[PDB]
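Student: sharing an experimental structure here, sequence included.
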Amino acid sequence: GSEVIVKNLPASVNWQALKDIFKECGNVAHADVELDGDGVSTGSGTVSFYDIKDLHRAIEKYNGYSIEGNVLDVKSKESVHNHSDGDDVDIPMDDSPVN
């Protein structure tokens, strides 16, 4: 897993303000947004983090906070590794006395 995505900021907040939501720590990484075909923006956008070391710290700090928009909510690209090997069955099982 790597990077984060913000999913509740409205089109009133945009890339150069989105930067400051994380650049307030006295450093900068990188971020972006993807406009609709009418040119109207989203607020909802992608953040490329400093490193995974500070991502997990920032994830608990800014999820539920608000800056130039709504309450903001934060997600990540996650991973897939769980498999399926035949982990369940559909047959009876018991032991009764008999001679």
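Tutor: Thanks, I have it. Numbers count the residues shown, from 1 in each chain.
Student: need the contact list for residue 79.
Tutor: residue 1 (Cβ atoms under 8 Å, 6 or more residues apart in numbering). For every residue, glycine as well, the C-beta is placed using N, CA and C.
Student: does it count as helix, strand or coil?
Tutor: State at residue 79, reduced to three classes by DSSP: H, G, I helix; E, B strand; the rest coil: coil.
Student: what is the burial count for residue 44?
Tutor: 18 (other Cβ atoms under 10 Å).
Student: er, residue 82 I mean
Tutor: 5.
Student: in which helix or strand does it reside?
Tutor: Here residue 82 is covered by no helix or strand, with elements defined by DSSP states H and E.
Student: tell me the SS of residue 55?
Tutor: Per three-state DSSP, residue 55 ends up helix.
Student: for it, which non-adjacent residue is spatially closest?
Tutor: residue 49 (4.3 Å; Cβ to Cβ, 6 or more residues apart in numbering).
Student: list the residues that contact the residue most central in space within the chain.
Tutor: Centroid check for the chain by Cα atoms, centre = their mean gives residue 75 as the closest residue, at 1.1 Å. By Cβ under 8 Å, 6+ apart, the contact list for residue 75 reads 4, 5, 6, 7.
Student: by neighbour count, which of the residues you listed wins?
Tutor: residue 6 leads those on contacts (other Cβ under 10 Å) with 24 neighbours.
Student: just the helices in this structure please.
Tutor: 15-23, 52-62 (DSSP state H).
Student: thanks a lot, see you next time.
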